[PDB]
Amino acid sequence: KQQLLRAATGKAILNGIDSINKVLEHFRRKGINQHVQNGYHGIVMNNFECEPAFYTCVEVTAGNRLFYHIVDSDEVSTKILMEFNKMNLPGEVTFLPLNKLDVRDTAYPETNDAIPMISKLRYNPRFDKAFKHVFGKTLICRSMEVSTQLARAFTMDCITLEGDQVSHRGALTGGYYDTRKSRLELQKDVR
């Protein structure tokens, strides 16, 4: 079932997800902090869709940011975390707080050689600042050589469809990437 998605995720990553649900359940047993649950909107990967031509570069771009937690506020964020650590729970958790996110527009150069990754994702406009934060800085580029030039000249990360990365500051990432089913594809099946 949906446990196929869990098997692809990695227990270190699942730890934070389970622990966050431990905190929420605990708040529910004490009848406190209903605003925390009401302001918890789940992880990035559970709140967008894209065509399968983009699975590899989207998933490589996000990395563990697919498991960032979209929440209403810094209030929701810190209350969960304070309890998370009080209970000495395992995992790491990152929050995208809608009331505090501050995202910067940058100059996409209009070219067939590179297109914005953000406009290839389908998501609820209420989470725009969350998706702009994760994806608004990356272009999908036609080749490593184009990636090299555009990431050098502009303030955008470049990634090829095959997953090679050039950061706008010079960081280079690459290696062998499987033909296994993407985490994104497995999520597509449970949605």
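From 1 onward, residues are counted along the sequence shown.
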Q. So 103 to 111 or 73 to 81, which one's hotter by mean CA B-factor in the entry?
A. 103 to 111
(Q) Per the record, averaged over C-alpha atoms, which has the higher B-factor: 26 to 34 or 39 to 47? (A) 26 to 34
Q: Determine, from the deposited record, the chain-internal third of the Cα B-factor for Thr173: lowest, middle or highest.
A: lowest
Q) Lowest, middle or highest third: where is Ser19 by Cα B-factor in its chain? A) middle
